[PDB]
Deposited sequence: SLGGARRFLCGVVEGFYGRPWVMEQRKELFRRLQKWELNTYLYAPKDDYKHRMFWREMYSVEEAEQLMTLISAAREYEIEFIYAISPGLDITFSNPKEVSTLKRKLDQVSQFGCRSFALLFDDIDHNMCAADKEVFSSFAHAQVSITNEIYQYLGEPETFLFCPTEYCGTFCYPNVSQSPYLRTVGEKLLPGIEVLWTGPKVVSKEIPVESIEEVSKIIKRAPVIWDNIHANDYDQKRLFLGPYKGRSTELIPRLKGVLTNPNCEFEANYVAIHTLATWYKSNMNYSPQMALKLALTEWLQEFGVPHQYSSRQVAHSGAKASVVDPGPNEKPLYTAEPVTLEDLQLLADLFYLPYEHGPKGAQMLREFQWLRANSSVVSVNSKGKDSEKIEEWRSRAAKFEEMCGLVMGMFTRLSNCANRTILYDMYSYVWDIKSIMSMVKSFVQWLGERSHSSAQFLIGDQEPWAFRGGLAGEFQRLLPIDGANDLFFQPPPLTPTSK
């Protein structure tokens, strides 16, 4: 029983580089995962200019990339997205699509995908005269490509209605999916993101629902750890909301993770744990394993001689804290959720300190300040660690939380000194606001803060 488990590079944003992808293939193999779907939205020749051939430089890179996948026994799948401006009814458009995939096939690629995600449902007049519907047009060209490429063992199709919320009028009664299930050649796989684009949970019943109308078990394109929809978000939490009971009901799972390559250790490690779990998986136990394994990636003179360069090393606790601060799309981690609650409470109840309630406030304030210090401890230790590669992939996120938290600790301390002081708390007096660089900082200082 073949099962596609791995990664889809299918986000908007800076595509990953050779060095990173080769590293991804090493990791997938060691974690017994087997698939890689090549689909960067911002490779201008994958989507926007799907018609254009790859240059000689681009060709050498793709050959190298495909050889690296083969070397680590990872199935490389080349995806193409022609849906933005293709005229399905034009024979010249069909041979251009064939020309493009023959080029990539000449680079050693054996598996392919046709994606029709995030495109206008409205066809041109020429296509309307040839196909009963949009689904007819897509299936027609997808079947033609699949057969033209000699019916590859691994060939995927991504529908325009790729999740529950995108199905018109719904999953069970979609005429688009109806056509897909009936006319799409049986050997072609169908990609699905679950109930939503970013699914909190993928319930077994929803997979049975879609499998009936598409007439096959789908391959999940999972957006649980994707973050290209918010420049200020990062998901270091475990694979969650997908029962192992989905495994016999699926043809595979391809995770579409965070843009920042090094942040995808937990995302991919926990998915591998889930896949090999023997129908018994715990997100908390999986997160602990991933964090423990991740920590490894973070790592002589005389008395009158110069001491060797040394830094206070990153701890498991620092990583537990970090993952809890940058957790999942629908939940913060325990430690982050707790800190937020503590801050909300202290701010809401600051009036008691402006008897047992005063004791409660001071006790919770002291515990919060320690929590704040631990975030600073984490920042400092990460910023002085051996692995600069891991650090600079997340630095902005960590720096940002560290900065906001020091203003929060200051404010909580100010609220405490209120009984002994009439001094005012000003955001303008805080270093992140006052010492903010660039032209933007000059403008920001002139805004009416306080």
key: Sequence order list of spans that the model leaves without C-alpha positions, deposited numbering   = 1 to 5, 305 to 324, 380 to 386, 483 to 499
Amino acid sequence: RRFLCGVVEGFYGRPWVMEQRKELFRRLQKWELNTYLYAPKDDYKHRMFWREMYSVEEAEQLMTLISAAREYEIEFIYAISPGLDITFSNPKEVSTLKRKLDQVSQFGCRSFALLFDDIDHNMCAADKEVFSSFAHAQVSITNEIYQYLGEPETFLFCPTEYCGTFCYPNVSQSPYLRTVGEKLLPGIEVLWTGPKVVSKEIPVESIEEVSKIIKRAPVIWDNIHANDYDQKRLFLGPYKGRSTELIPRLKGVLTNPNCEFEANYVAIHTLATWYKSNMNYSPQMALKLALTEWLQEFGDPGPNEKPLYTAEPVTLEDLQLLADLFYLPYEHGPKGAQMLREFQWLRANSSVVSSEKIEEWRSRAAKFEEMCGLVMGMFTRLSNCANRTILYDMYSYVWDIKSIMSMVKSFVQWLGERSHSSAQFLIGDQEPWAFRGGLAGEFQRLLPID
From here on, numbers count along this sequence of modelled residues.
note = For 111 to 119 versus 127 to 135, entry-based mean Cα B-factors point to 127 to 135
ask   = Looking only at CA atoms, which has the higher mean B factor in the entry: 302 to 310 or 98 to 106?
value = 302 to 310
query = Say you rank 16, 25, 435, 12 by Cα B-factor from the PDB entry; which sits at the top?
reply = 435
key: C-alpha B-factor winner, where the candidates are 341, 269, 92, 225   = 92
ask   = If you rank the chain by CA B-factor, which third does residue 84 end up in: lowest, middle or highest?
value = middle
query = Lowest, middle or highest third: where is residue 369 by Cα B-factor in its chain?
reply = middle
note = Entry-reported C-alpha B-factor of residue 41 relative to its chain, by third, is lowest
ask   = Can you tell me which third, lowest, middle or highest, the CA B-factor of residue 29 falls into for its chain?
value = middle
task = Would you mind ranking residue 326 by its C-alpha B-factor against the rest of the chain and naming the third, lowest, middle or highest?
result = lowest
